[PDB]
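What follows is a set of notes on a single structure, which appears directly below.
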Amino acid sequence: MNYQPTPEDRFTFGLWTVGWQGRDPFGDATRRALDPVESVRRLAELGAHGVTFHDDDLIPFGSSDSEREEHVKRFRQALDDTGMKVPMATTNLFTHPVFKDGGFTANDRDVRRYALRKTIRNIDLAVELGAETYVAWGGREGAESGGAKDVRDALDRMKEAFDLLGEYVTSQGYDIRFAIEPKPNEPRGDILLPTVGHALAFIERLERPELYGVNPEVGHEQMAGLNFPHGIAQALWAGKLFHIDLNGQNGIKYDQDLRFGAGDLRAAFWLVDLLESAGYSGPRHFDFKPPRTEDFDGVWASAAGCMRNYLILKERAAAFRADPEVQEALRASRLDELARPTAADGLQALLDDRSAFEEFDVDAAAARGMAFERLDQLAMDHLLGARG
Amino acid sequence: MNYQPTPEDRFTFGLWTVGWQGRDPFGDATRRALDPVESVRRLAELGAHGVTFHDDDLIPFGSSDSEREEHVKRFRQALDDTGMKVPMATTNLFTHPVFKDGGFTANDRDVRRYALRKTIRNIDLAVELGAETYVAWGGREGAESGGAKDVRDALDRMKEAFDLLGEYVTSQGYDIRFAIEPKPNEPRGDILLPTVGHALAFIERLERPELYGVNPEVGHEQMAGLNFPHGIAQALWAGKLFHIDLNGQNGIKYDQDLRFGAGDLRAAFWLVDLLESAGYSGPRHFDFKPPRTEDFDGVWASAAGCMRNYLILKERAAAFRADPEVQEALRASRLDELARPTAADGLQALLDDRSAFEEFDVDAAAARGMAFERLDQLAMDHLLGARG
Amino acid sequence: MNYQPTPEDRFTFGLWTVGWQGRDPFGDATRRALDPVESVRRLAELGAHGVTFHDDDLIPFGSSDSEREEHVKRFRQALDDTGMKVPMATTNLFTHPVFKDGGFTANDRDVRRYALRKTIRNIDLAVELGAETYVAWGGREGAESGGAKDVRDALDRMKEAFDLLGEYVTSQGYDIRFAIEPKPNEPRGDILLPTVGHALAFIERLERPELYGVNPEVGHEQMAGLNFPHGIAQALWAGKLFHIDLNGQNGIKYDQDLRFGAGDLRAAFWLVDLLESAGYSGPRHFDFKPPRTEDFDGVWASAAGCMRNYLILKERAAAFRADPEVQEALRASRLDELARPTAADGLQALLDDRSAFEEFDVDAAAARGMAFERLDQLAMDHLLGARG
Amino acid sequence: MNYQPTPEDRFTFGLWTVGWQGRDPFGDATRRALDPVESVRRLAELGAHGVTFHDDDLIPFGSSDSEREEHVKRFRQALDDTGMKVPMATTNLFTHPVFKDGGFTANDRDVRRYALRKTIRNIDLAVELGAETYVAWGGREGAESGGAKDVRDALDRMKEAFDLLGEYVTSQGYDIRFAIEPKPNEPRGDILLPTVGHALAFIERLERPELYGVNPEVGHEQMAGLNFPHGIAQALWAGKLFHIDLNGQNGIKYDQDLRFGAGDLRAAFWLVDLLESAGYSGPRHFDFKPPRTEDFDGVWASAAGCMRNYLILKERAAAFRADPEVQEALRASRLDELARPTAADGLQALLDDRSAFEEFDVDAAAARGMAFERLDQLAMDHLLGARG
């Protein structure tokens, strides 16, 4: 009935989101830069729980070790003044020209070593600030042409980089875990580990796989036309959903980073249903950009909308699942049977069961309707608040 | 100079490819059915190595155990008469109406048990015929709506099914391995395990993962806008490329199954370069459909073209890699450095190396061009046969 | 508050929609055929206004002239018994194998002449039944390969065909208009006139352009990733929206034909807002397929849902536009200024207006925010019924 | 045998192409700015015919009328020194923040008037420099959300703007024509007039349609998954191909602007075949970006490759069409029949021709194969230089 966020809703925002100045491939900035301190206070007033950062959002690139300490101390004061937390941090290995062919998988070996040292420096800072999750988006790991990158050698280099970071945090005794954020393309013509599946598969080849999970992003998987709730379910099934980036996207095109709820609204409904029913307990992090049409009042309006739309969808998904009429429809569509083992009786009892093959009435089974359209219209009526 | 296939090129075709009668969602068949025996002889004359089948391509559905033995015996005679092999087989768990909500992940438990028994029956037949690989394409495992399928429960059911098949073949002592073929959509609105990455990740959760790999298909990954040579490289890196389906696709749309070489021609070039340089030794299997515009002469013309275009691209990719001018360009673009470990000296020596951070000249590194456009035009000149 | 359709809502359905038996490229029919008479009565009971047909839906192909009259007479009795109307009809020039390379643009001239005679026969029948609109979907006009179709010659043939149909209806004195339905692909690899824009442009080259408009389909334009409300606005602007096909689609993939409201829900909201605010008065026609998972109860449930979701969205869009808070936000975002002429003062007064260039303060204009995010969240709150 | 361009090949480049500094949505510039004078001389040495510009590429924004004359005079000297021409020019109505909601269709009326005056100023300069074509790419005309733009009012404003520009050039007596360049998205979430078809349709509603054509761009239509040679054929058929932008694109994703020949190579082959067979006589203009991985030697290498790949494809397409074996295959596939009128005998003779319907043997027609696969493999062999 009310949709006001509280810090217990665990909503978080990156400094780079509300701080995006509006520069796009075809145009100049439309907004002035925001001081991180002002973003923290403004987000706290809207009901956020916390903020996240790349190293270069907080400390401008090339900063003297003394300008560094000043930047951190001011940030830390705003956090103390507001109650805001920093649950995640990440490294910028994509903006500076030295990263034009990648960080961890750049063809030049000296660049790969620099990327790792820049990363390690920021992990120390993240731990100091209490982050629990360290995200890695390899936005420049990839290629525009086929001969430029041997992908097996590049995966060797990627594995080597994450293995060294794992060695570092265990040797330091830090309680932080890594989350890889996949994206299929942009800014490289194809990016390595392009989807949640490719990232999950890669993690299983690392020396200490339990330290690594995924940070899927709504618009990223939709840039490949994939079903984001399905990919999150696979991640939850694997025990690897360590963090999540929420935003909106209208289909297969450039990464729009719209506010959450915009883009594919029904996919947002099913995503919230899944996160809340699985008991996901991490941050609900928004990685979005207020459109460059907006001034600063529109920036805060867009950020508030992220939170509002999550809380409306949560309410509607909870109402859906609690409705006795929906629970009966789920049984009518045999969702209860899907959850039962196919063959708990075992292989030999399955091979000897004539009711499973020799005497199975296929025509009778085929004729049973699944009743999925009635179930889906109940879900639509619940989403639109049109139940009677 | 010549592009004539021989059975040592290991080219294989499914019975359902040249046997496709032309029925599409909007139109009736344009060709009569082909007898499997005639396809085997015709393909042998074109230079193919072997054929593959679904159970229902070879033995019509509902066949009496005696009509079954007759169908197999005639097939076996054509194989003996021609020298053709059967390296792969698979199950049809998608055409009959009983599979309308899936085989292994159908919501109805009796259908899941039937799907497993239909599968086990055909694995026995495949082994008899000497297949080494058993493919599974879960074309109906998926959903058109969000509430119809709990994807975590469905992955539990999928895992249970593959685990039971693994138990079966090990208990029988068979030397056959499984290959999962991913597809993102069609005929379901979203299919589970939609890409090579999602399939690789799933395999790592099976009880005996060494028995399972992937069977990627060119057009399937391109239906998600992904780079097929990159996904095959990840599969090779994981040691899981057990089989491959070759065809062409023009972008993100329905699955066209064009002949190999059609669709994205440069991606075909880089795919052949990779398979030949990695020493892939399995079958080069074509899963394609001669367009329904064609009569039977056009069917055989289309099948021959599959093989011809593979052999032309092999020649051009070999010429590319053998060209001393290309080898120098690869060094100019530092492909040799990509293959060297980033930090064989180890974590502590990396942390103490001032040349990796405190004293790294980032501006000098950033200014080095990668020379990728010159390398890519050499690759284009080689593909087009325009070297001078 | 209630969402019950009445025939005054003008909802119509094709016989082929609820009558779809479930055959897809990978599977057999899951439902038995429906008699047209039974569909008319069932749709009338749900509150529909009318039905539409292809010639071959009503009269099976190759029917004797006497079996033809029997089929029509029974249909006509069901229409009289129910009050149902037939506002649109169309020709099937895509299912029979003779149309495998097209109807009006088939390379074989004898097929093009046959396609026109099959068409003319059905226009006479449509007029008899009182249809006002005759739709043409050239589903087989197109190509899978570049050399198979010279597109300039094919457009000449397409123009010739529509010009002859225009000559026919004017020479007969019939009051019927034509609507071309674009689709980008499927079942041909690329279809001619692939989008609403290409069809609008083509019409302007016909000899009697006032007889022709478009019949856009939601999922068709979304198969090219386009904004369907924007394309309908262009069609309305041109005075050419003669009919519309409503359904749902999840992105760029095969044509799903989901029920209306499914697929991209926010695009459905903006489409209904536009049709109702522009005063579109034609039929609201559903061209959809109940998924093949469903039995006949699910078919009728899916058809009812089409109508229900239109009436819910109509209510929400009307509430949006009537809200004084939204009307103020529209002014804040200068929608009122967009509707004023840029230069009613004329070219010379614009060239002499220093306030338009020499003395325009660009920095002050640039700094004004558009306030679009606040407006869009008001639209979201209205769609979800979350206004407070 | 040789692939060296000459200025008689009419190859042209925009100043912004080779001058692109490498700034993308995620990263800083990797190359220093180029002086226009140096680009003209470098392009002349590679064999180009001419260059094109936006006003702001040549004269930096806000320039004093005296700094303006200096910039133009230096440019004019480089043109005189090199023999280079300027066949096209265009306006930048997308980079400055004042254009964040559009130029001609911005909601603010004062911005629309400014956009027209900025445009008119540059048309005068273009004429002085001898351009024959004035391009308009409305990159900011569009929306990220549904309520922000009434598209009928925006098309009214767009029509008003182009009508005033037409009035201007006719009142001045200038011999210049306009070309509208469509793009479906990026940088706006959806752009108005998103495809060649929508632009062609819009032109027909202008007061003086003969002054306006299209400037299609390879990658733009492919961002909607459309067939670019088909859209160019429709433009040629309408008599509206006034200019063309050549580049490469790998599928539906952000606009990559790769060099021509990269991206979809077979579509490039069929495009060149069509332009050369239709006798297109305008500039072959490259609108591309050397990837930001490259230094200045890679920039010139990429530009040279544009020209080289056009000349290789021209040679291969000419060889295809001249091959007697291909000419026979075209007849076998009835391309000659496609070019004959369907019914030159007229409507009444068609209605009385029993051979067109009552006595047409549909089964015999249906059984004829189109032989398109053999024709397409001849085209593939010609493209790859594999004829024997």
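Descriptive notes on the structure:
Per-chain residue numbering starts at 1, and chain names A, B, C and D are given in the order in which the chains are listed.
Basically, a residue touches a chain if its C-beta (ideal position, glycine included) is under 8 Å from a C-beta of that chain, and two chains touch if they have at least 3 such contacts.
Chain-to-protein mapping (UniProt): A, B, C, D = Xylose isomerase.
When the C-beta pairs in contact are tallied for B-D and for A-D, the bigger tally goes to B-D.
The interface of B-C is repeated, with over half of its contact pairs matching by residue number, by A-D among A-D, A-B or A-C.
Note: centroid distance subunit A to subunit D, computed from Cα atoms, is 38 Å. If you average the Cα atoms of subunit C and of subunit D, the two centres end up 30 Å apart.
Annotation for subunit B: residues touching 2 or more other chains are 30, 96-97, 100-101, 144-145, 148, 184-185, 190, 223, 225, 252-253, 262, 266, 291, 293, 366-368, 370, 372-373, 376. For subunit A in complex with subunit B, the residues that touch the partner chain are 96-98, 100-101, 104-105, 107-114, 116-118, 120-121, 143-157, 160-161, 164, 167-168, 171, 184-185, 190, 192-202, 204-205, 223-227, 229-231, 233-234, 236-238, 252, 266, 269-270, 273, 278, 330, 333-335, 337-343, 347, 350-351, 353, 355-357, 360, 362-363, 365-368, 370, 372-373, 375-376, 378-379. Across the complex, subunit B is touched by residues 1-3, 30, 222, 225, 251-253, 259, 261-262, 264-266, 290-291, 293-298, 301-302, 304-305, 308-309, 312, 316, 366-374, 376-377, 380-381, 383-386, 388 of subunit D.
Every residue of subunit C that touches subunit B in the complex is listed here, in rising order: 22-30, 94-97, 99-101, 139-140, 144-145, 148, 184-187, 189-190, 223, 250, 252-256, 258, 262, 291-293.
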